[PDB]
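Form deposited in one PDB entry, single chain, as structure tokens, below.
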């Protein structure tokens, strides 16, 4: 029980700003070897409040964008701990009820292309990513009332390949939900905005391959074609690169994405 007692002490040391930075670092490294880290973080005194403190204390560095590497590394250790809480079966719902993702949206809204901001955004996306991996309808319903779709769309267009991939995966999970599909297809303005962005991404991928990103883009289109109205608009505006052999070569390994692309085409008849 020697290494586990080492964990309890860092957790206690998160409360005080003097020992917190160090405890952030050490705990963020152990989160794949401590399965019950999340409820311990959640259910201990002042811990979640300390992580929120870390988040809010870099708000002044967000606008104007003066965030440094060290600031970004520190807050991302905190975000890494919150991702752990977002993933766990025992803490997910309470995490959600406490509306903690909302204090991350100011990070997702940043547009600075420096590496401290890109890492900040990627790590924030990772928390939302952890949430939707669980496949809870409660998660999707929360995301739909909180307007994370425009945030994700801006990133899907302009982020690093990694950030674009996580952001598209989030959109994918929302779309896969019946309520999410209905929401995005509810008005032509909403559907058009999404289709427009997916269309831009397809163009960019034709110049710079990303298997992972292309896969999620294709899944989004495929899911969109489950909606009769979307199906009609897609017949008209589906990117030509998704019809010809532009991507044949990068796909010949990926049977799954090929199959999906195949059904997408078949659906549009």
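Residue numbers count along the first chain shown, from 1.
There is another form of the same protein, the form solved in complex with a partner chain; it is not shown, and what comes next is about it.
In the bound PDB entry, its partner chain sits within 4.5 Å of a heavy atom belonging to residue 133.
Contact between residue 162 and its partner chain in the bound PDB entry is found at the 4.5 Å heavy atom cutoff. Proximity of residue 237 to its partner chain in the bound PDB entry falls outside the 4.5 Å heavy atom cutoff. Taking non-hydrogen atoms only, residue 212 approaches its partner chain to within 4.5 angstroms in the bound PDB entry.
Using a 4.5 Å cut-off to its partner chain in the bound PDB entry, each of 69, 83 and 122 places a heavy atom inside that distance.
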